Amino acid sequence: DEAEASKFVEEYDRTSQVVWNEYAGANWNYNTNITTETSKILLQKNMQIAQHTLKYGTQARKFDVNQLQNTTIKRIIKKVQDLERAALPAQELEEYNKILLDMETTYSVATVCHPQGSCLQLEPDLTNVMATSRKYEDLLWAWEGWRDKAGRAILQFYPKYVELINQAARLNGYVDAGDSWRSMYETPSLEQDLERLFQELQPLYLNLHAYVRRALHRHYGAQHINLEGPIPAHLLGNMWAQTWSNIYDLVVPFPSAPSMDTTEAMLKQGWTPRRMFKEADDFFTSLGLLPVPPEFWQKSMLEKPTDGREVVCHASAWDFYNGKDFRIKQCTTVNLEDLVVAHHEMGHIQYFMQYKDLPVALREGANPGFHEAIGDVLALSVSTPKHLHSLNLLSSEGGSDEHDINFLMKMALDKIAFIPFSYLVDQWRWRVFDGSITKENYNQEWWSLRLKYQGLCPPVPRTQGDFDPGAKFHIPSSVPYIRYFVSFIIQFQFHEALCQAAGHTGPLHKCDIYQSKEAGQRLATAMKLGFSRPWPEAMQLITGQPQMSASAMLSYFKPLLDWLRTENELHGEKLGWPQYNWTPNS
């Protein structure tokens, strides 16, 4: 019994490496070269890996895990019993795989065109418009156009996707796909824990929201901003209003304390995408963590190709499951935002390398939020004015409370603004999956949540046939999103603990853990566990305690919360959006 199970897990691990490596290659080739051929080979490799999954998943289900002594072998076998889509009948599996590829392709090639004029892709063109335009009408053209071309085109696929992904989840013992996704956290109290964390961050978000709304009222006019209502969703510098830092110029608390133009500085100094990832590599190795192998530099696609290839430009990090081939694919733009993204992606690579000696079944983060947090932790240190100054991308900003509040505001526009967004994406999808939201009400329930959690409203009334969730990458690509909410909270807990381990004193937001070997050792021991143990053990290794907690993030931003409360009180802001029914008149 126990001996049969141990031999089984060894066989699974040997054959999975080979098959998973092959699948990763075909997926990479399509992702970096979208063609009918590569897409045909990908769909073919899909059926190959499903045959492997079905073979070993069927065997695994014949072990009564109850009678197993070893708990690492229990854990592997329990996971292999979940076939995911390979539980579907052959006909439905083929249809499911084609739906997913159609949704992804539709999103990745959509464009927004002027009549008799040029056509813009999402990256970099429309992203640039949303980030830099300060004209209501031009922002509206891009915001609405993307949803008209991308979102509306996904709607035809989504109901059938939902049916098929739920059917697979039921065939694997879950009640629906959202149940399956939540189970990745192995945390029965997950929904209540996440709701508690969201509530703890509400005071900070409402004060930020009210301050930004006042600043938008100053620039865009009283006729277009209701100081007691939701904010129009196209004015926040980002296609999804998920991060707001690109409108820093409109909301700067102390314009008398200016910051160097970081994009001009990178360009003037000859930064390139390759330099951006090299600086990330240096930060990781400064902590005593691992460098990326030479192969990484040869096989990664670090900028939009120019040879006519259509590619999936959305950034991603790749494990090829042979312990040696790791890659990034990013249509990198030379700016500070993409430097942070490069650190994020390099954090996924670091995790891949740290757990590469585990059985492939356990080669995942302690939970998906952990995988997302590693690179962001380092990026918190990289983002400090003192570190950016040492890269020659800022002037000296120390010894100045004005510069200090400006910096906290810059960070808040990204980190705090993102909290409600990241919460609501899977609040919506979980209710789509459990049947609470039907295709009749997809879009209406999306905007009810955009209002309830982010206090945003659409600048143009939505009409039948709109499917604005489809205009957000992770929806047609079927990537769960709550990982990013968890990540944004726990990355501050990790930062706090690593700064304490590095001997930092004083305000948490001034800490920079560059070159701390004690910090790197905490992260390395946690990452090496992969998915071999419940995630509270990895939490304990990093922070000395087992819980998720908003306290670290609230401590980081405490000086800004104090300042915002004073400023909002002085101006008589009404926090929140009691006039929640308001929408733009024109």
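All residue numbers are counted from 1 along the displayed sequence.
A summary of the deposited B-factors shows that, of 420-428 and 320-328, the stretch with the larger mean C-alpha value is 320-328. According to the PDB record, 63-71 carries the higher mean C-alpha B-factor of the two stretches 519-527 and 63-71. Note on 483, 85, 299, 387: the highest value goes to 299, judged by CA B factor as recorded. For the set 265, 373, 233, 502, the PDB entry assigns the largest Cα B-factor to 502. Among the modelled residues of the chain, residue 558 sits in the lowest third by CA temperature factor in this PDB entry. In the PDB entry, a CA B factor belonging to the lowest third of its chain's modelled residues is recorded for residue 447. Per the deposited record, the Cα B-factor of residue 159 falls in the lowest third when ranked against the other modelled residues of its chain.
The deposited CA B-factor of residue 355 belongs to the middle third of values across its chain. When all modelled residues of the chain are sorted by CA temperature factor, residue 116 is found within the highest third.
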